[PDB]
Amino acid sequence: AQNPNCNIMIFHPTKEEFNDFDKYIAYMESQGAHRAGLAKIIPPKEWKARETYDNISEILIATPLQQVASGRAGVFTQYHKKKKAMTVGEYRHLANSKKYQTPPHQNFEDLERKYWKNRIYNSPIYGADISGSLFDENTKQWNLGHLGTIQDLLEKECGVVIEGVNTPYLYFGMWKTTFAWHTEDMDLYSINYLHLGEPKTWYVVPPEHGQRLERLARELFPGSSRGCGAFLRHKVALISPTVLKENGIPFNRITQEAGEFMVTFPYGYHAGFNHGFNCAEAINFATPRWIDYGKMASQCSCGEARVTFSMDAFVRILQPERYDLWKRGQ
Ligand SMILES: O=c1nc[nH]c2c(CNCc3ccccc3)nccc12
Ligand code: NI
Ligand SMILES: [Zn+2]
């Protein structure tokens with residue numbers, strides 16, 4: 001069995017290897033990459049997402065989100081307070097202001113320390129979940145707006161045509177901007193490209209141990225857990241690496257830098273934070289291997305984790321017994 005310790009693996013595809021997306025995902029899994037829940041892909045030196053990022057300042061962040069924390073330094077939840085609209089230009093200036101800027105630090109390790117020590121005492125503002133793409137239409141390899149659709153993957157595997165579209169999202173980040181512990185909708189894969197700016201630090205639990213994370217979460221957020229059997233789908237719970245280590249939870253960490261892709265694999269729980277002003281682009285995708293995961297994915301039916309009309313079909317075809325209840329929650 002490849003990668004039995006579930007280490008995060010880093011790949012350096014050649015330009016020829018970067019042509020066929022599906023084939024390279026499959027190659028990665030042949031080397032056991034999926035066991036980690038997350039892989040880093042460094043593009044060939046010949047490749048670029050687009051020519052420059054000089055002209056992105058007029059992009060609108062219609063609903064910037066202030067991430068307000070509650071709890072203790074290593075075990076907290078965050079809620080999203082909507083803020084007034086701003087452009088990327090305005091957001092970048094805000095991120096660089098004294099109130100929000102990255103503090104002086106020696107290295108990524110020092111900064112991670114500072115993050116977990118102090119995150120809860122601030123409320124950074126995240127330009128999250130903006131429909132759009134920064135890939136040039138002429139970029140033919142690993143263009144997140146031109147991947148096979150999940151709806152076509154389902155159709156090809158299972159024979160049924162369904163409604164729905166899958167498009168990418170942009171994330172404009174600043175220091176302490178946080179993504180909570182989660183797997184993707186329907187335990188899909190995701191791909192994340194860091195277009196510009198400061199790093200993004202990731203934590204990931206191997207898919208084979210996801211239930212260990214879930215158990216700890218029910219213990220650490222007892223009220224949330226009573227409220228919903230799949231509350232991690234709300235995407236509000238943070239648990240620090242120190243707490244995971246204290247509780248014997250298997251996990252790994254890595255820092256993503258501008259120009260690098262991260263792929264998360266089905267049922268790979270992940271969380272993390274931004275080091276400073278940055279922009280990432282992300283989308284979900286599927287492969288034939290995902291279908292079994294999709295069939296078994298736990299659903300939030302409590303009303304909190306409202307999602308896109310896109311998931312309807314996935315639940316309806318893959319999880320017919322759960323569909324009615326899940327629908328009531330939507
Ligand atoms: O860095 C991040 N900032 C916000 N959400 C993140 C998430 C949430 N899931 C990924 C996703 C986003 C959009 C569409 C489909 C899937 N995963 C990984 C990193 C981040
Ligand atoms: Ni994600
Ligand atoms: Zn719920």
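Residues numbered from 1 in each chain as written, not as in the entry; some residues may be left out. Chains lettered and ligands numbered in written order. Heavy atoms only, no water. Residues with missing side-chain atoms left out of burial classes, pairs and counts.

Determination of this PDB entry was carried out by X-ray crystallography to a resolution of 1.8800 Å, according to the record.

## Some thoughts on the overall build of the protein
We apply this condition: A run of H or I in DSSP becomes a helix once it reaches four residues, and a run of E becomes a strand once it reaches two; helices and strands are each numbered from the N terminus.
What the protein contains, in helices and strands, is 10 helices and 16 strands. Counting only C-alpha atoms and orienting by the principal axes, one finds that the protein spans roughly 55 × 50 × 40 Å.

## Digging into the coordination of the nickel ion (ligand 2)
Applicable threshold: Keep in mind that water is not among the atoms, so a site may look incomplete; donors are the N, O and S atoms within 2.8 Å of the metal, or 3.2 Å for Na, K and Ca. Throughout, exposure labels follow a simple rule: accessible area from a 1.4 Å probe, protein chains only, divided by the maximum for the residue type, with under 20% read as buried, over 50% as exposed, and the rest as partly exposed.
The nickel ion (ligand 2) binds to the protein through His182 (NE2), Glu184 (OE) and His270 (NE2); the donor distances cover 2.0 to 2.3 Å. Each donor residue of the nickel ion (ligand 2) lies on the same chain, and together they follow the pattern H-x1-E-x85-H. Overall, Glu184 belongs to the buried group, its relative accessible area being 12%.

## Some words on the site of ligand 1
Just so we agree on the cut-off: Throughout, near means a residue has at least one heavy atom within 4 Å of the molecule or strand. We define a polar contact as two N or O atoms separated by no more than 3.5 Å, with the added condition that, inside protein, one atom must be a possible hydrogen donor and the other a possible acceptor, whereas residues neighbouring each other in sequence contribute only through side-chain atom pairs. Calculation of accessible area relied on Shrake-Rupley with a 1.4 Å probe; when residues are assessed, cover is drawn exclusively from the protein chains displayed. Classification used: nonpolar for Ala, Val, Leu, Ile, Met, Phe, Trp, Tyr, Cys and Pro, charged for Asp, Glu, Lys and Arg, polar for all others including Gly.
Around ligand 1, the surrounding shell holds 13 residues, and the nearest of these are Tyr126, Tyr171, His182, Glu184 and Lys200. At a separation of 3.2 Å, a nitrogen atom of ligand 1 approaches a polar side-chain atom of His182. Measuring from a nitrogen atom of ligand 1, one finds a side-chain N or O atom of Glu184 at 3.0 Å. In isolation ligand 1 exposes 450 Å². Once the protein is present, 91% of that is buried. Looking at the shell around ligand 1, the elements that each hand over two or more residues are β8 (169-173), β9 (178-182), β11 (200-205) and β16 (278-285). Looking at the shell around ligand 1 residue by residue, the class counts come to 7 nonpolar, 4 polar and 2 charged.

## Things to note about the packing of aromatic side chains
Where we set the bar: By convention, a stacked pair of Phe, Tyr or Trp rings (six-membered ring in the case of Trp) has centres within 6.5 Å and planes under 30 degrees apart, an edge-to-face pair has planes over 60 apart, and any other such pair is tilted. Definition used: whenever NZ (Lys) or CZ (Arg) falls within 6 Å of the ring centre and also within 35 degrees of the ring normal, the charge is taken to sit over that ring.
The full count for this structure, using the stated rule, is 31 aromatic pairs. With 6.3 Å between their ring centres and 75° between their planes, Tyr115 and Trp175 make a pair best called edge-to-face. Separated by 60 residues along the polypeptide, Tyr115 in helix α3 (residues 108-118) and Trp175 in the loop between β8 and β9 bring together distant segments of the chain. Take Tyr115: its relative accessible area is 0%, and that puts it in the buried class. Taking relative accessible area as the criterion, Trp175 reaches 7% and is therefore assigned buried. Both rings, one in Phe221 and one in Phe231, keep their centres 6.2 Å apart while their planes meet at 55°; by these two values the pair is tilted. Highlighted residues: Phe221 in the loop between α5 (210-220) and α6 (222-227) and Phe231 in the loop between α6 and β12 (237-239), separated in sequence by 10 residues. A cation over an aromatic ring shows up here: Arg50 above the ring of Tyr53, its NZ or CZ 6.0 Å from the ring centre.

## Some details on the sheet that holds strand β2 (residues 38-41)
Note the following rule: A pair of strands is considered paired only if DSSP assigns at least 2 bridges between the two. The convention used is that axes are lines fitted to C-alpha atoms, helices contributing only their stretch in contact, and that angles between N-to-C directions extend from 0 to 180 degrees. By definition, residues are in contact when any of their heavy atoms lie within 4.5 Å.
Pairing is mixed across the open sheet formed by 10 strands, whose spatial order is β1-β2-β14-β10-β16-β8-β7-β4-β5-β12. At either end of the open sheet lies a strand with only one pairing partner, and these are β1 (9-11) and β12. When strand polarity is set aside, the average angle formed by the axes of neighbouring strands in this sheet is 30°. The pairing of β8 with β16 spans 5 bridges and is antiparallel. For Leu170, the partnering residue across the bridge sits in β16 and is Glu281. Contacting β7 (125-131) and β8, helix α2 (residues 88-96) crosses the sheet at an angle of about 155° to β7.

## So, the coordination of the zinc ion (ligand 3)
Rules: Every geometry call rests on angle ranges, with four donors termed tetrahedral when all angles are between 85 and 135 degrees, four termed square planar and six termed octahedral when opposite donors are over 155 degrees apart and all others are between 65 and 115, and everything else termed irregular.
In the first shell of the zinc ion (ligand 3), the protein supplies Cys228 (SG), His234 (NE2), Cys300 (SG) and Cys302 (SG), at 2.2 to 2.4 Å from the metal. Note that the zinc ion (ligand 3) binds 4 donor atoms; their angles at the metal cover 100 to 119°, and the shape is tetrahedral. Between consecutive donors of the zinc ion (ligand 3), the numbers of intervening residues give the motif C-x5-H-x65-C-x1-C. Of this pair, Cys228 sits in the loop between α6 and β12 while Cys302 sits in the loop between α8 (290-296) and α9 (310-318), placing them 74 residues apart in sequence.

## Some words on the UniProt feature "binding site: Zn(2+)" in the protein
The following threshold applies: UniProt positions are given in the numbering used here, feature names are shortened, and annotations may be inferred rather than shown by experiment.
UniProt records the feature "binding site: Zn(2+)" at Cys228, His234, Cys300 and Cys302, using the numbering of this structure. A maximum C-alpha distance of 9.9 Å is found for the annotated residues, which run over 75 residues; spatially they form one tight group. Sequence-distant contacts of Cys228, defined by excluding residues within four places in its chain, comprise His234, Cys300 and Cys302. Within the secondary structure, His234 sits in the loop between α6 and β12.

## Regarding the pairing of β2
Rule in force here: Handedness of a crossover is defined as follows: with both strands directed away from the viewer, a clockwise route from the first strand across the helix to the second makes it right-handed.
The two faces of β2 match: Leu38 and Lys40 on one face and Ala39 and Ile41 on the other face are all buried. The sheet contact formed by β1 and β2 spans 3 bridges and is parallel. Looking at the pairing, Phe11 lines up with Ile41 of β2. For the handedness criterion, the β-α-β arrangement of β1, helix α1 (residues 21-30) and β2 is classed as right-handed. Of the pairings in the sheet, the one linking β2 to strand β14 (residues 261-264) comprises 4 bridges and is antiparallel in character. The residue bridging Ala39 from the neighbouring strand is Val263, located in β14.

## Considering the pairing of β8
For β8, the buried fraction is high: 4 of the 5 residues fall into the buried class. Bridge count for β7 against β8 is 3 bridges, and the pairing is antiparallel. Across the sheet, residue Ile130 finds its bridge partner in β8, namely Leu170.

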